[PDB]
Amino acid sequence: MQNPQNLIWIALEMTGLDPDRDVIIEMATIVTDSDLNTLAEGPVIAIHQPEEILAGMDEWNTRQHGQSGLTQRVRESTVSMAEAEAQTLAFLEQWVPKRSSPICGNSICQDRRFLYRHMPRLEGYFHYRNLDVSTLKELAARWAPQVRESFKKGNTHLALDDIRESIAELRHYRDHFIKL
Amino acid sequence: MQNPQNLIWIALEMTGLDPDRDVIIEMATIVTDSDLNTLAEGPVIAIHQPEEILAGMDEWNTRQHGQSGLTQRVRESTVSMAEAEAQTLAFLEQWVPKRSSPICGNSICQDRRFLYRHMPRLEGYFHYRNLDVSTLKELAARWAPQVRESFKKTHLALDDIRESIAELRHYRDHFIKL
Ligand SMILES: [Mn+2]
Ligand SMILES: [Mn+2]
Numbered sequence: 001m002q003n004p005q006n007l008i009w010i011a012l013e014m015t016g017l018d019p020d021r022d023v024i025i026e027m028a029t030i031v032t033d034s035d036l037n038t039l040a041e042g043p044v045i046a047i048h049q050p051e052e053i054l055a056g057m058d059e060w061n062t063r064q065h066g067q068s069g070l071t072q073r074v075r076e077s078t079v080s081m082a083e084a085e086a087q088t089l090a091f092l093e094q095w096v097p098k099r100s101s102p103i104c105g106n107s108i109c110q111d112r113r114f115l116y117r118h119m120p121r122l123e124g125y126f127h128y129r130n131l132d133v134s135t136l137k138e139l140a141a142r143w144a145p146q147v148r149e150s151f152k153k154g155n156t157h158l159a160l161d162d163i164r165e166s167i168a169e170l171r172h173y174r175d176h177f178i179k180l
Numbered sequence: 001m002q003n004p005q006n007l008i009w010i011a012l013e014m015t016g017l018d019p020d021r022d023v024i025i026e027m028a029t030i031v032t033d034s035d036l037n038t039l040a041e042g043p044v045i046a047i048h049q050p051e052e053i054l055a056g057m058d059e060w061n062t063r064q065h066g067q068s069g070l071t072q073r074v075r076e077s078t079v080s081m082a083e084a085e086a087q088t089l090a091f092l093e094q095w096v097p098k099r100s101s102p103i104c105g106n107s108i109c110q111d112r113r114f115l116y117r118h119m120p121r122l123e124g125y126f127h128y129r130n131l132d133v134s135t136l137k138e139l140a141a142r143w144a145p146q147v148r149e150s151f152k153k156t157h158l159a160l161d162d163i164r165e166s167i168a169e170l171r172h173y174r175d176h177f178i179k180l
């Protein structure tokens, strides 16, 4: 079912924003076709981390991951960083060839930095380009502000809804900002 | 002549693809207004590096920076990474206030990562947004292949940035609905 024009959408949670200090603790993927129709929803994986890494989180991250239950999911998880990378790759290979899809979503430069450091095989599976919806948001803010303000950002508390809202944002810009 | 809506376009050359293990060897900038009209071209700067760093480049970078003349320019340069950062900031400060402009160009996540490691004062001068022309390039390839062929695309740094601006102008005129 591989297709070189299918898009890989990703969402990550981390202990913090610095790849040298921090690690990935949750990952999720969705594969769409070129026209943003969902083909398959990938595994949502809580990645195990030892207690000292969990205690090393700052105040905002200890509170947010604690209150969301992710911290307890991470503590209980029996899936290592490398195993989660392999689990995600096994899913994506059924749908997208290697080096075909850019990383798609929002704030994905930060995602690429974390994948490069902690999941280099998955990072290398993407095309080197980023498909970041926020480029369209920035251009719309300048050239068509009404399109940016008419986007209704739904709930993104959980990982698949988070990705789906990024797909919906791009879909919004295709319907109202892109000439076709 | 500062304007918070002006755009900083940047293009770097590096010794390799790893922002943490490799280094910057060339930089250039151009400032446009928010409607992509060029206001000023910044300095094009070859950044000195020790010979072992040049000798250590992989096969692709050894050939490409060799035949472009950059390898010789890096050897002959007396401008350090920090001096090149300061020269570029002195140009940009005349045109854009701090934190106002996104980083603008093709696949500029790569450039921002190198700046963050090697020229953090300059990296910090940008807004946190990335304006990535190659996001539109990929979208146009899949949704409007005719628009990607309409644009005819340069080893000189300022030519490279001019072509990134012209590529965005092409999408604004033939891909985006205003
Ligand atoms: Mn924002
Ligand atoms: Mn091209």
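Protein sequence lines correspond, in order, to chains B and A. Quick note on numbering: the authors' numbering labels position 4 of the first sequence as 4, and the sequence is numbered without any gaps. All letters in the second sequence, in the order written, are residues 1 to 153, 156 to 180 by the authors' numbering. Note that the Cβ used here is the ideal one computed from N, Cα and C, for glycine as well.
Residue environment, residue i, which counts as buried when at least 16 other CB atoms sit within 10 Å
{"i": "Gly105(B)", "result": "buried"}
{"i": "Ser101(A)", "result": "buried"}
{"i": "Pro19(A)", "result": "buried"}
{"i": "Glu52(A)", "result": "exposed"}
{"i": "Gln110(A)", "result": "buried"}
{"i": "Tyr128(A)", "result": "exposed"}
{"i": "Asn155(B)", "result": "exposed"}
{"i": "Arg113(B)", "result": "buried"}
{"i": "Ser166(A)", "result": "buried"}
{"i": "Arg63(A)", "result": "exposed"}
Best match in the options for proximity to residue i [C-alpha to C-alpha]
{"i": "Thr88(A)", "options": "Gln110(A), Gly69(A) and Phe126(A)", "result": "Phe126(A)"}
{"i": "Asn130(A)", "options": "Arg99(A), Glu26(A) and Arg73(A)", "result": "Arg99(A)"}
{"i": "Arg21(B)", "options": "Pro97(B), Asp58(B) and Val96(B)", "result": "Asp58(B)"}
{"i": "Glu76(B)", "options": "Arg63(B), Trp95(B), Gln94(B) and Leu54(B)", "result": "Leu54(B)"}
{"i": "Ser80(A)", "options": "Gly66(A), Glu26(A), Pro4(A) and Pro145(A)", "result": "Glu26(A)"}
{"i": "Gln67(A)", "options": "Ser150(A), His157(A) and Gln146(A)", "result": "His157(A)"}
{"i": "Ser107(B)", "options": "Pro43(B), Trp9(B) and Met1(B)", "result": "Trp9(B)"}
{"i": "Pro43(A)", "options": "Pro120(A), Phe177(A), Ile178(A) and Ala90(A)", "result": "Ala90(A)"}
{"i": "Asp33(A)", "options": "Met1(A), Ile178(A), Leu17(A) and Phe177(A)", "result": "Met1(A)"}
Span separating the alpha-carbon of residue i from that of residue j
{"i": "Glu85(A)", "j": "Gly124(A)", "result": "11 Å"}
{"i": "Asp35(B)", "j": "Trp143(A)", "result": "8 Å"}
{"i": "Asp175(B)", "j": "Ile47(A)", "result": "45 Å"}
{"i": "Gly69(A)", "j": "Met14(A)", "result": "14 Å"}
{"i": "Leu115(B)", "j": "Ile24(B)", "result": "8 Å"}
{"i": "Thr71(B)", "j": "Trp60(B)", "result": "13 Å"}
{"i": "residue 155(A)", "j": "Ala82(A)", "result": "Between 153 and 156, chain A has no modelled residues, which means residue 155(A) does not appear in the coordinates."}
{"i": "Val74(B)", "j": "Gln49(B)", "result": "6 Å"}
{"i": "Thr29(A)", "j": "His118(B)", "result": "32 Å"}
{"i": "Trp95(A)", "j": "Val96(B)", "result": "44 Å"}
{"i": "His172(A)", "j": "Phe151(A)", "result": "7 Å"}
{"i": "residue 154(A)", "j": "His65(B)", "result": "Since the model of chain A passes from 153 to 156 in one step, residue 154(A) is not part of what is shown."}
{"i": "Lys153(A)", "j": "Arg164(A)", "result": "10 Å"}
{"i": "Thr38(B)", "j": "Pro145(A)", "result": "22 Å"}
{"i": "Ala168(A)", "j": "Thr78(B)", "result": "51 Å"}
{"i": "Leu17(B)", "j": "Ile45(B)", "result": "19 Å"}
{"i": "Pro4(A)", "j": "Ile103(A)", "result": "13 Å"}
{"i": "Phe177(B)", "j": "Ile178(A)", "result": "6 Å"}
{"i": "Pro120(B)", "j": "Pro120(A)", "result": "24 Å"}
Supposed close pair residue i, residue j - CB separation, criterion 8 Å
{"i": "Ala159(B)", "j": "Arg148(B)", "result": "Wrong, their Cβ atoms sit about 25 Å apart, outside the cutoff."}
{"i": "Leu92(A)", "j": "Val31(A)", "result": "7 Å"}
{"i": "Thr135(B)", "j": "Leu7(A)", "result": "Their Cβ separation, rounded to whole angstroms, is 13 Å, which puts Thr135(B) and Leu7(A) out of contact at 8 Å."}
{"i": "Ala11(A)", "j": "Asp162(A)", "result": "5 Å"}
{"i": "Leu170(B)", "j": "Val133(B)", "result": "5 Å"}
Cβ-heavy atom distance, residue i to ligand 4, below 6 Å
{"i": "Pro120(A)", "result": "No copy of ligand 4 appears in this structure; the ligands present are ligand 1 and ligand 2."}
Around ligand 2, Cβ to any heavy atom closer than 7 Å, ordered along the chain: Per the CB criterion, closer than 7 Å to any heavy atom of ligand 2, the qualifying residues run in chain order as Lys137(A) and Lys153(A).
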